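Count the first sequence with the entry's author numbering and you get residues 1126 to 1176, in order.
We put the beta carbon where it would ideally sit given N, CA and C, even for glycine.
Below: one structure, written as structure tokens.
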Amino acid sequence: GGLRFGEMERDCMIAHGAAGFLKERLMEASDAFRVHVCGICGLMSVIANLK
DNA sequence: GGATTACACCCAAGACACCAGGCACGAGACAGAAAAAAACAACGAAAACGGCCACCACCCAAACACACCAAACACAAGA
Ligand SMILES: [Zn+2]
């Protein structure tokens, strides 16, 4: 498994002002995903066929 | 009446529904409700007996008068 980067760790990163490190811990070191939203209704009901 | 009560990490151990009355269909019986007839109200037609005008005579009502009684100004008495 992986180690939990909990809420108090986020508080310490925020105190340090390290925004890029926080974004990288929570996205690229974890469940990063790409979704499509509708520019009109703003719901994730867009049907994307990428191929 | 609800709702919240440290943070991170390690390990082990058990279960991962079974079994029982309701829906459908599955058939009777008085009750939810429908059909009928006979004693219920009235009206048409005949019978004779109760109701209305006479006739009628005896009992209650009015007039006359009697004596009797209740009563009312006032001459007299009285404080
Ligand atoms: Zn849309």
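Roughly how many angstroms separate the alpha carbons of residue i and residue j, rounded to a whole number?
i	j	result
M1138	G1126	22 Å
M1169	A1157	16 Å
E1132	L1147	11 Å
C1163	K1176	19 Å
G1167	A1173	15 Å
Can you give the beta carbon distance from residue i to residue j, rounded, assuming they're within the 8 Å contact cut?
i	j	result
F1130	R1159	Their Cβ separation, rounded to whole angstroms, is 22 Å, which puts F1130 and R1159 out of contact at 8 Å.
In this structure, does DSSP put residue i in helix, strand or coil?
i	result
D1136	helix
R1150	helix
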